[PDB]
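J.: There's a structure below that I have some questions on.
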Amino acid sequence: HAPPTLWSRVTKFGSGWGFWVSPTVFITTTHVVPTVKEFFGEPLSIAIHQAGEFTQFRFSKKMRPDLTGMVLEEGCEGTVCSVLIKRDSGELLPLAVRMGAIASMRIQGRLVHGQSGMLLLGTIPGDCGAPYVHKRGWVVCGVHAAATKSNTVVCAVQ
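FYI, in the deposited numbering the residues of the sequence shown are 0 to 34, 36 to 45, 47 to 77, 79 to 122, 132 to 148, 151 to 163, 165 to 172.
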């Protein structure tokens, strides 16, 4: 079960969502990012790393000081994660997903270094950037990127 504070790290952003790893680090899915002079007010002049549909902003002022800093892993196979999905309506929908292999893929002409996973309640357009998380003794392990036509999802990872 997830505390409100963890859900409060999930943030509407571009055409999807992002996730405050810490007061200074923000992660999201690349195709969701606005093609702008500033982010959250800060001007890019921010350390911005895009690799394979995975995007990470490191700000130089603390943006969410209310938050502690969680671990960001480069994935997690078999790890049962929780995708913290927020919908436009405010509904919170933590999906259960068993993660599998790490494989890079070109989905609709986009290089996605991601991890696959099966849905143990599906995803929809607009959900991308939602965080894949698990709890060791909380960790974030990817951002949502894609899903098959039917139960299998893909998160971009670092």
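The beta carbon of each residue, even a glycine, is placed where N, CA and C say it ideally should be.
Measuring straight from C-alpha to C-alpha, what distance separates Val99 and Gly41?
T.: Each residue's alpha carbon lies about 34 Å from the other.
J.: Enumerate in chain order the residues of its own chain whose CB-to-CB distance from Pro33 is below 6 Å, with the five nearest sequence positions on each side excluded.
T.: Correct list, in chain order: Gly13.
J.: Less than 9 Å between the C-beta atoms of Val24 and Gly70, yes or no?
T.: Taking 9 Å as the Cβ cut-off, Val24 and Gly70 qualify as a contacting pair.
J.: Taking only the alpha-carbon atoms, compute the straight-line gap between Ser84 and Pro43 and give it to the nearest angstrom.
T.: Their backbone Cα atoms lie some 32 Å apart in a straight line.
J.: Buried or exposed for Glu93, going by 16 or more other Cβ atoms inside 10 Å?
T.: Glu93 comes out exposed.
J.: What are the start and end residues of the alpha helix (DSSP H) that includes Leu5?
T.: Segment 3-6, the alpha helix (DSSP H) holding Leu5.
J.: Provide the residue span of the beta strand (DSSP E) that contains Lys88, from first to last.
T.: Its beta strand (DSSP E) spans residues 82-88.
J.: To the nearest angstrom, how far is the alpha carbon of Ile47 from that of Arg59?
T.: Straight-line Cα distance between these residues: approximately 6 Å.
J.: Measuring only the C-alpha atoms, how far is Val153 from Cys139?
T.: Those two C-alpha atoms are separated by around 15 Å.
J.: Starting from the C-beta of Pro66, find all residues in its chain whose C-beta is less than 7 Å away, skip the five residues before and the five after it, and write them out in chain order.
T.: Closer than 7 Å at Cβ, skipping near neighbours: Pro22.
J.: Can you check DSSP and say which residues form a bridge with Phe55?
T.: Paired residue(s): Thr28, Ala52.
J.: Got a sec: does the ligand PLP put a non-hydrogen atom nearer than 8 Å to the Cβ of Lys62?
T.: Among the components modelled here there is no ligand, and therefore nothing to report on the ligand PLP.
J.: What first and last residue would you give for the beta strand (DSSP E) that runs through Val156?
T.: That run of the beta strand (DSSP E) goes 152-160.
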